[PDB]
Number of protein chains: 2
Amino acid sequence: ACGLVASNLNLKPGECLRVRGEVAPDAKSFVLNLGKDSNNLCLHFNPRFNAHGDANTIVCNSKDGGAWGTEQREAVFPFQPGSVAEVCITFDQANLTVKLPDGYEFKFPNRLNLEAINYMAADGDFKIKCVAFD
Amino acid sequence: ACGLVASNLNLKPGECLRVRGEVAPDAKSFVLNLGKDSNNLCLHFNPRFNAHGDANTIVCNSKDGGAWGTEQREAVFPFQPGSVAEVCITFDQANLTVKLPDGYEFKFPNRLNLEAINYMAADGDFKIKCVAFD
Ligand SMILES: OC[C@H]1O[C@@H](O[C@H]2[C@H](O)[C@@H](O)[C@H](O)O[C@@H]2CO)[C@H](O)[C@@H](O)[C@H]1O
Ligand SMILES: OC[C@H]1O[C@@H](O[C@H]2[C@H](O)[C@@H](O)[C@H](O)O[C@@H]2CO)[C@H](O)[C@@H](O)[C@H]1O
């Protein structure tokens, strides 16, 4: 959206993508998108502090050919505005696995059946400080 | 670019960019470009193992409106095909400072007078393993 945008990422199944960034002090939410391009996201990772009617909830969704799928909300919320947060992501043909700052990890279905992830983008509330490929 | 491409970097003067990657085992050379966009580069970092008459020489240049500037060549070459390569680049108003693995540093004039670096791209011979911003 307004943050870092990376293409030709070439992330393959099993590889661990580590993303560390600064959550804006006045952030009401932040976004980290992963997929083929801006209209095809295998993972729209959206922690919401107070936004879109939700409070302290991580909302995940997929975007296929521009269409948003069914959202999934997570069980925990290890985030806070104006702080550094790191997330670790891996995937296989069936699911993406996301590990959070608290070490908690959950899965989100790989609805685009991606065998490679080439696009990543952060919005204006998540300033990426480091990206690593394991 | 062939390799990783990142936009919206918004790297300001005084900020440092750290890039670590793996050089293709059969690479004749590899490239790391920095600038405003693909046609306006404040730094074309091109270590050449065997290309264009160069043998193990770091060639740097600027690109203005798609036109290559006057090349600069360094006295050391701490790189090798099939091995990891890490460089640290600091952006400043007058010059960019490049720090190599060995600790060797050199400067390259900010010919385009860029006030920020928003574009980064590695070519097909440089596989980025991690990038740290500021
Ligand atoms: O699904 C991701 C998508 O959600 C939009 O907001 C939704 C909100 O999540 C939902 O609970 C509500 O019922 O409808 C809203 C509008 O469709 C966000 O606006 C969009 O940016 C994405 O985050
Ligand atoms: O200047 C960077 C640019 O150089 C091109 O090759 C040059 C070569 O370095 C020079 O010695 C010769 O006189 O002209 C060639 C063509 O301009 C590379 O081909 C290009 O990829 C960049 O590396």
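Per chain, numbering begins at 1; letters A, B, ... match sequence-line order. Scope of the values below: all heavy atoms of this structure, side chains included, with no hydrogens, waters or symmetry mates.
- One finds the NZ atom of B/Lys28 at 12.0 Å from the NE2 atom of B/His52 (value rounded to the nearest 0.5 Å).
- With chain A as the partner, the residue from B/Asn8, B/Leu4, B/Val5 showing the most heavy-atom pairs under 4.5 Å is B/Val5.
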Does the side-chain contact (heavy atoms from CB on, under 4.5 Å) test come out yes or no for B/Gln93 and B/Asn110, once each step is laid out?
CA-CA 7 Å; B/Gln93 193 50 52; B/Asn110 177 19; 3.7 Å; yes
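- Using a 4.0 Å cut-off between charged nitrogen and carboxylate oxygen, B/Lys127 and A/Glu15 do not count as a salt-bridge pair.
- Side-chain atoms of A/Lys129 come within 3.5 Å of backbone N or O of B/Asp134 as a donor-acceptor pair.
- Neither the backbone nor the side chain of B/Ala121 comes within contact range of chain A; no heavy atom of the residue lies under 4.5 Å from a heavy atom of that chain.
- Residue with the most contacts toward chain A among B/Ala132, B/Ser7, B/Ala1, B/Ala6: B/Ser7 (heavy-atom pairs, distance under 4.5 Å).
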